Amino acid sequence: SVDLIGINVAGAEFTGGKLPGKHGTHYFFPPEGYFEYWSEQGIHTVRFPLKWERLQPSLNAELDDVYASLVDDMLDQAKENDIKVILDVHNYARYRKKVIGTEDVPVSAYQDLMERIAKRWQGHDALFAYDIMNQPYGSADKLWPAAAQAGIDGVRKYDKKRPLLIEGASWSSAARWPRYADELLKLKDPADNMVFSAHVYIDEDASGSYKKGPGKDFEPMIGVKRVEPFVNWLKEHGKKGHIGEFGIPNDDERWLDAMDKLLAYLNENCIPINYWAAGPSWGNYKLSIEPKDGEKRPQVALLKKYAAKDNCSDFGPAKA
């Protein structure tokens, strides 16, 4: 099923400079009982960041036993709690800081990673989709379309059915999406099951850092206005879409109003969202919606309201 409302569950990609790092010290997978809470809240789709260097510390090599087994366990817990999982290679189109498509990181090495991910997990019922790369940006933008094709070809060697979530250049910006997405139109999927996934934050610079408050002339429609270029591109080209990241602070009604207006527009166009972020080890991080004693999470009420209004059977927007 295609749920319009989902959440990022972040933690396995934390402390990216510590490689391999130690589970429970530098990075964190869901503990036992984690998925039960979100399932009870009516949230059944999760986007799950993974760090490429931890899954595959040598290019072209077998996946790391320890880290890949933690993914096995998390997928098992998801299935036990009726959670659908989008695996996210959360790597900015880079491996050990080098862009996919340079001599350091050939596209064939990225294809190898995606083959191994699909080979290991295509048989797992909790796996819903592959978000093949988080936020290409900067020096990776030009080479990203060719890298995306290699990642698509990699998954399709072993999984010929599941959707592939294809992000865009410039941090997968929804607001700037049509400026760069021309070369994504040339991507070819033999299974014809690609879904484009953009990101949107509503601080001034759209980084999602929220260094300041809303500001005097804050526009409540800012979220809608920043996803319109993306949704209109989908309609113009007959494509399907998705929003892989959006989040807001908990400390101003203006943020919540903009979130409500955004969710209404996504609902009208059958565009799913993955809120950023839940996760087992966020502490007092400003964008965390994980429960924490004494910290309010008004964003969750909005996600629940729109989960009850989900009447879509597929990724939109519908061609009508």
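In case it trips you up, residue 1 is the first one in the sequence shown, and so on.
Handout entry: Segment of higher mean CA temperature factor, 212-220 or 98-106
Key = The entry gives the higher C-alpha B-factor average to 212-220.
Practice task
Tell me which of 225-233 and 203-211 has the higher mean C-alpha B-factor in the deposited entry.
Solution key: Comparing 225-233 with 203-211, the higher average CA B-factor belongs to 203-211.
Practice task
Pick out which of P163, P190, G154, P145 has the highest C-alpha B-factor in the PDB entry.
Solution key: Top of the list by C-alpha B-factor: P190.
Handout entry: Top Cα B factor in the deposited entry, candidates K51, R47, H44, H26
Key = Going by the entry's C-alpha B-factors, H44 comes out highest.
Exercise for the section: Using the B-factor values recorded in the entry, state whether the Cα atom of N91 falls in the lowest, middle or highest third among the modelled residues of its chain. Expected result: For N91, the deposited C-alpha B-factor lands in the lowest third.
Exercise for the section: Would you please rank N274 by its C-alpha temperature factor against the other modelled residues of its chain and give the third it falls in: lowest, middle or highest? Expected result: Its C-alpha B-factor, which the entry lists for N274, ranks in the lowest third among residues of this chain.
Exercise for the section: Place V71 in the lowest, middle or highest third of its chain's C-alpha B-factors, as listed in the PDB entry. Expected result: For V71, the deposited C-alpha B-factor lands in the middle third.
Handout entry: Third of the chain, ranked by Cα B-factor, where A61 sits
Key = Highest third of the chain for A61's C-alpha B-factor.
Practice task
Would you mind ranking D182 by its C-alpha B-factor against the rest of the chain and naming the third, lowest, middle or highest?
Solution key: Top third by C-alpha B-factor.
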